[PDB]
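> Provided hereafter are the protein sequence and its experimental coordinates.
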Amino acid sequence: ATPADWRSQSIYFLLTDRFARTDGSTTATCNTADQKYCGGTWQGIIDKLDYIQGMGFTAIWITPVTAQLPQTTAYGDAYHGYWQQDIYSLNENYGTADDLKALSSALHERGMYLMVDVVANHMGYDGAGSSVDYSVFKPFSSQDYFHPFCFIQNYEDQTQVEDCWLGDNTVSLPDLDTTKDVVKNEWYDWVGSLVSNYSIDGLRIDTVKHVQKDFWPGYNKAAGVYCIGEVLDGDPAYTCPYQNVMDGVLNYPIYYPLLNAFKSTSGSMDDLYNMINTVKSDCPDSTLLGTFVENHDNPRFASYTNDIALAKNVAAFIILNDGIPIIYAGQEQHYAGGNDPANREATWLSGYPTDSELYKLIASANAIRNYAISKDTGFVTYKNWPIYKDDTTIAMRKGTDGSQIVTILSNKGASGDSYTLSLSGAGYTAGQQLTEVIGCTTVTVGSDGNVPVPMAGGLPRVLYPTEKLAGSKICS
Ligand SMILES: [Ca+2]
Ligand SMILES: [Ca+2]
């Protein structure tokens, strides 16, 4: 439930509707352009727990659970869960309050945490904000519970960004006035009981920049478990300060330079080394941010480049950076959907192969991370530090002196020449034996402390003291 506890977790983010069906189908059609319920359920999930778990994940984040407007709107169905009308009732398309129960239960039983996405900024309604029937919302049954109708025309304007409505003339999202002790009151109450009732460990919160700053603290205190919020802004100067009002925020400041460093063979490694330091110095606790390169609101990685060397590099950055690693369902199967709705593909259609290239990379990076933290209680709080950078390389170091992992990432791609990198600044002793745990090869520390790192095929390299791998299963 705890911030301090969520520090050692790694999350699999899935859209309930699109991860796993109850009949375990792997072929049922799911056309994204149609934007309708495809059929995923909470039972399908419980049924594919070994698939998540064998990638080394320790928790899953699932989309909102509240009862949605019922219509098929001009923009599709509420399959994503972000247009609620009734929060004391569940979206019957995913299952039953029992099902939601079993899942929290299968998870907990396997040592996993359950994170649930929640909305507080708004409701959803099929029509013009002007004709809304506030009598459908439960419990916000009067327009008196809502800011008056206006749409955000300028986002650089923060009071209108928080007080006007998101959405449009087609699908309107009635904006609550969270300023009133009533809105508040009910919202604090609800969050708290919801958590209790299904036993979830953390909350992912939507549209945080749309609610004025002051609502959150009590939101976060009432919930009683870790809250990570969505602040959709790339400026650390705008986003980080929310850390002053809730445990963590999603790493959007790192997202933009990370994508840009690995999306091309010419990506800038400077912008990323630089952003890694800025977030480390200016954000309250970089160790409580969530790292990500893909989600359902942005084109997937492989839409920008089909190179698997590059895909392999960004996946290993996210698992090994400071914070909670988050991988979006489909990333591991190299899905390449573009903007919404193309980036909400059903995971089942890949067949759920555990021998996929990104599946294996992800699994072997979660492996090391999971073990290091078994043996270095300082790892989750040691701040990642870029020790080196070149036009096609960056290398970082995290973990207590003596038990430190040194990751070497590169953007040379699936060609990328074969040459030796003499990496200085690792801080391993001379003559010490290191294991590259991705490829399970060994290298020996210099004499001068330099590590002759063998590079090829633009592959990521992750080093760790061979000695420290022991009663370890990492490379046998
Ligand atoms: Ca608002
Ligand atoms: Ca959102």
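That came in fine, so what should we check first? Numbers count the residues shown, from 1 in each chain. Ligands and ions are numbered 1, 2, ... in the order given.
> count the residues that sit near the one residue in the stretch 251-400 of the chain that gets nearest to ligand 1.
Residue nearest to ligand 1 within the stretch 251-400 of the chain (CB to the ion): residue 297, separated by 17.8 Å. In short, each C-beta sits where N, CA and C put it, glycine included. The number of residues packed around residue 297, counting by other CB atoms under 10 Å, is 11.
> again, but for residue 143
By other CB under 10 Å, the residues close to residue 143 number 17.
> picking up where we left off before, so the residue of the stretch 251-400 of the chain closest to ligand 1 makes contact with residue 340?
Yes - at 6.3 Å, residue 297 counts as touching residue 340 under the criterion of CB atoms under 8 Å.
> and residue 389, how far is that from residue 311?
Distance, residue 389 to residue 311, using CB to CB, to the nearest Å: 21 Å.
> those two: which is more packed in?
Per other CB under 10 Å, whichever of residue 389 and residue 311 has more neighbours is residue 311, with 24 against 16.
> who are the packing partners of the helix or strand containing that one?
Using DSSP states H and E, the element containing residue 311 is helix 308-320. Secondary-structure packing of helix 308-320 (3 or more CB pairs under 8 Å, 6 or more residues apart in numbering; DSSP states H and E): helix 252-262, strand 290-291, helix 301-304, strand 324-328, helix 357-375, strand 405-410.
> can you redo these as TSV with distance to ligand 1 and mean neighbour count?
TSV is the format used below for the helices and strands packed on helix 308-320 (distance: least, CB to the ion, whole Å; neighbours: other CB atoms under 10 Å):
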stretch	distance to ligand 1	mean neighbour count
helix 252-262	19	23
strand 290-291	22	25
helix 301-304	31	20
strand 324-328	25	26
helix 357-375	36	19
strand 405-410	39	25
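> could the ones you listed go into CSV alongside distance to residue 91?
Below are those laid out as CSV (distance: least, CB to CB, whole Å):
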stretch, distance to residue 91
helix 252-262, 27
strand 290-291, 24
helix 301-304, 28
strand 324-328, 20
helix 357-375, 29
strand 405-410, 39
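> between these, which gets nearest to residue 11?
strand 324-328 (4.7 Å; CB to CB).
> strands paired with that closest one, and their directions?
Strand 324-328 has its sheet partners listed here by DSSP bridges as strand 11-14 (parallel), strand 290-291 (parallel).
> and the next element down the chain from the first one?
The helix or strand immediately downstream of strand 11-14 is helix 16-19, counting by DSSP H and E.
> ok, and what's touching that next one?
By CB atoms under 8 Å, 6 or more residues apart in numbering, the surrounding residues in contact with helix 16-19 are 30, 37-42, 44-45, 48, 62-63, 79-81, 93-94, 329, 344-348.
> in stretch 4-13, what counts as buried?
Using 16 or more other CB atoms under 10 Å as the burial criterion, the residues of stretch 4-13 that qualify are 6, 7, 9, 10, 11, 12, 13.
> would you map the helices across the chain?
3-6, 16-19, 42-47, 49-53, 99-109, 158-163, 181-198, 216-223, 236-239, 252-262, 269-282, 301-304, 308-320, 357-375 (DSSP state H).
> export those helices to TSV and append columns for distance to residue 450.
Below are those laid out as TSV (distance: least, CB to CB, whole Å):
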stretch	distance to residue 450
helix 3-6	37
helix 16-19	46
helix 42-47	47
helix 49-53	39
helix 99-109	45
helix 158-163	50
helix 181-198	51
helix 216-223	46
helix 236-239	33
helix 252-262	24
helix 269-282	20
helix 301-304	33
helix 308-320	22
helix 357-375	22
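> most tightly surrounded among these?
Comparing the helices of the chain by mean neighbour count (mean count of other CB atoms under 10 Å), helix 16-19 comes out on top with a mean of 26.
> residues of the stretch 1-150 of the chain that sit close to ligand 1?
Proximity of the stretch 1-150 of the chain to ligand 1, by CB under 5 Å from the ion, involves residues residue 121.
> which residues in the stretch 1-150 of the chain form strands?
In the stretch 1-150 of the chain, the strands defined using DSSP state E, counting those that start in this stretch lie at 11-14, 59-62, 66-68, 84-90, 113-118.
> next up, the contacts around the nearest residue to residue 312 once chain neighbours are set aside.
Leaving aside its chain neighbours, residue 312 sits nearest to residue 361 (4.9 Å; criterion: CB to CB, 6 or more residues apart in numbering). Residue 361 sits next to 312, 315, 316, 438, 460 when contact means CB under 8 Å, 6+ apart.
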